[PDB]
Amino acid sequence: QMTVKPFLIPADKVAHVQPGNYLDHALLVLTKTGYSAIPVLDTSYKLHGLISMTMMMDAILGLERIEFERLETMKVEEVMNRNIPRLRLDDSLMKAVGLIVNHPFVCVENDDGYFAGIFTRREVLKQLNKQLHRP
(Lines of atoms letter the chains of each structure in order from A and count residues from 1; the text may use other names and numbers.)
(Lines give C-alpha, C1' and ligand atoms only; values in the text may rest on other atoms or scores of the structure.)
Protein backbone atom coordinates (compact mmCIF):
# COMPACT_ATOMS: atom_id res chain seq x y z
CA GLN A 1 0.00 0.00 0.00
CA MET A 2 1.78 3.08 -1.29
CA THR A 3 1.17 6.58 0.03
CA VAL A 4 0.84 10.16 -1.26
CA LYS A 5 4.32 11.41 -0.27
CA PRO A 6 5.88 9.89 -3.45
CA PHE A 7 3.82 11.61 -6.21
CA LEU A 8 3.46 14.94 -4.41
CA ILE A 9 4.66 18.11 -6.11
CA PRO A 10 6.14 20.24 -3.29
CA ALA A 11 4.47 23.51 -2.29
CA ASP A 12 7.53 25.57 -3.25
CA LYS A 13 6.75 24.61 -6.86
CA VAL A 14 3.07 25.56 -6.62
CA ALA A 15 1.60 29.04 -7.03
CA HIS A 16 -0.80 30.28 -4.36
CA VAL A 17 -2.46 33.47 -3.17
CA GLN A 18 -3.28 35.07 0.16
CA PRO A 19 -6.93 35.26 1.35
CA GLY A 20 -6.63 39.04 1.49
CA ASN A 21 -5.39 39.59 -2.06
CA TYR A 22 -7.69 41.37 -4.48
CA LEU A 23 -9.39 39.18 -7.08
CA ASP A 24 -7.68 40.99 -9.95
CA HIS A 25 -4.41 39.71 -8.47
CA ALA A 26 -5.53 36.10 -8.18
CA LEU A 27 -6.91 36.54 -11.68
CA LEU A 28 -3.47 37.56 -12.93
CA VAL A 29 -1.71 34.61 -11.29
CA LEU A 30 -4.29 32.08 -12.49
CA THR A 31 -3.83 33.35 -16.04
CA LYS A 32 -0.11 32.59 -15.84
CA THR A 33 -0.13 29.27 -13.97
CA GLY A 34 -1.14 26.04 -15.68
CA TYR A 35 -3.76 24.97 -13.14
CA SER A 36 -7.55 25.14 -12.88
CA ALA A 37 -7.50 26.51 -9.34
CA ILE A 38 -4.90 27.82 -6.92
CA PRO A 39 -4.40 27.14 -3.20
CA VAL A 40 -5.25 29.99 -0.84
CA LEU A 41 -2.68 30.15 1.93
CA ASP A 42 -2.48 32.64 4.74
CA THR A 43 0.72 34.11 6.12
CA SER A 44 1.38 30.99 8.22
CA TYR A 45 1.16 28.86 5.05
CA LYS A 46 -2.06 27.25 6.29
CA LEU A 47 -4.37 26.13 3.47
CA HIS A 48 -7.67 28.03 3.46
CA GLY A 49 -9.11 26.84 0.17
CA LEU A 50 -9.01 27.08 -3.60
CA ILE A 51 -10.02 29.80 -6.00
CA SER A 52 -10.53 29.60 -9.74
CA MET A 53 -11.71 31.99 -12.44
CA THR A 54 -15.18 30.41 -12.50
CA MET A 55 -15.46 31.25 -8.80
CA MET A 56 -14.63 34.91 -9.43
CA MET A 57 -16.74 35.42 -12.56
CA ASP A 58 -19.64 33.66 -10.83
CA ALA A 59 -19.49 36.20 -7.98
CA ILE A 60 -19.51 39.26 -10.26
CA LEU A 61 -22.29 38.22 -12.64
CA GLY A 62 -24.88 40.97 -12.39
CA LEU A 63 -28.35 40.96 -13.90
CA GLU A 64 -27.37 43.52 -16.52
CA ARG A 65 -23.62 42.90 -16.74
CA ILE A 66 -20.51 41.09 -15.54
CA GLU A 67 -19.50 43.68 -12.93
CA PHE A 68 -15.76 43.61 -13.69
CA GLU A 69 -15.10 46.71 -11.58
CA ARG A 70 -15.52 44.55 -8.48
CA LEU A 71 -12.42 42.41 -9.08
CA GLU A 72 -10.42 45.44 -7.95
CA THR A 73 -12.17 45.76 -4.58
CA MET A 74 -13.06 42.18 -3.62
CA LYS A 75 -10.52 39.98 -1.84
CA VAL A 76 -10.10 36.25 -2.54
CA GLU A 77 -11.43 35.20 0.88
CA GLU A 78 -14.91 36.34 -0.21
CA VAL A 79 -14.93 34.07 -3.25
CA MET A 80 -12.68 31.08 -2.52
CA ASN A 81 -14.06 27.62 -1.79
CA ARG A 82 -13.27 26.39 1.72
CA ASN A 83 -15.01 22.99 1.49
CA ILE A 84 -12.19 21.22 -0.33
CA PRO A 85 -10.67 17.74 -0.12
CA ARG A 86 -7.34 17.52 1.68
CA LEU A 87 -4.84 14.66 1.75
CA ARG A 88 -2.10 13.95 4.27
CA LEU A 89 1.47 13.19 3.24
CA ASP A 90 0.59 9.77 4.61
CA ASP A 91 -2.82 8.75 3.30
CA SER A 92 -3.40 5.63 1.23
CA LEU A 93 -2.58 5.93 -2.46
CA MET A 94 -5.96 4.20 -2.95
CA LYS A 95 -7.70 7.13 -1.25
CA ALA A 96 -5.85 9.70 -3.36
CA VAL A 97 -6.77 8.16 -6.72
CA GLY A 98 -10.43 8.14 -5.76
CA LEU A 99 -10.23 11.86 -5.11
CA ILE A 100 -8.47 12.81 -8.35
CA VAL A 101 -11.16 11.06 -10.36
CA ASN A 102 -13.37 13.99 -9.38
CA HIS A 103 -10.80 16.74 -8.79
CA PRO A 104 -8.11 17.77 -11.28
CA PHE A 105 -5.86 17.92 -8.21
CA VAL A 106 -5.96 17.86 -4.40
CA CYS A 107 -4.05 19.83 -1.76
CA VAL A 108 -1.74 17.94 0.59
CA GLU A 109 -1.18 19.20 4.13
CA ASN A 110 1.87 18.03 6.05
CA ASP A 111 1.44 16.21 9.35
CA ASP A 112 1.73 19.39 11.39
CA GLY A 113 -1.08 21.04 9.45
CA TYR A 114 0.74 23.18 6.90
CA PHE A 115 0.30 23.08 3.12
CA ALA A 116 2.89 20.61 1.83
CA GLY A 117 1.98 20.45 -1.85
CA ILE A 118 -0.49 18.98 -4.34
CA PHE A 119 -1.62 15.61 -5.68
CA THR A 120 -2.49 15.80 -9.38
CA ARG A 121 -4.03 13.83 -12.24
CA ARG A 122 -1.06 14.49 -14.50
CA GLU A 123 1.47 12.96 -12.12
CA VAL A 124 -0.77 9.92 -11.65
CA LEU A 125 -1.52 9.57 -15.37
CA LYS A 126 2.15 10.19 -16.13
CA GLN A 127 3.05 6.98 -14.28
CA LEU A 128 0.16 5.03 -15.81
CA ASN A 129 1.37 5.76 -19.34
CA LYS A 130 4.80 4.24 -18.59
CA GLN A 131 3.31 1.10 -17.08
CA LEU A 132 1.94 0.58 -20.58
CA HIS A 133 4.20 2.57 -22.92
CA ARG A 134 3.54 5.89 -24.80
CA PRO A 135 2.32 7.12 -28.28
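In case it trips you up, residue 1 is the first one in the sequence shown, and so on.
Enquirer: Averaging the C-alpha B factors as listed in the entry, name the stretch that ends up higher: 74 to 82 or 98 to 106.
Expert: So the stretch with the higher mean C-alpha B-factor is 74 to 82.
Enquirer: Take the C-alpha B-factors listed in the entry for 8 to 16 and for 110 to 118, compute each mean, and give the stretch with the larger one.
Expert: Between 110 to 118 and 8 to 16, it is 110 to 118 that shows the higher mean C-alpha B-factor.
Enquirer: Grab the CA temperature factor for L93 from the record and place it in the lowest, middle or highest third of its chain.
Expert: CA B-factor rank for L93: middle third.
Enquirer: By the recorded C-alpha temperature factor, relative to the other modelled residues in its chain, which third is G34 in?
Expert: Its C-alpha B-factor belongs to the highest third of this chain's values.
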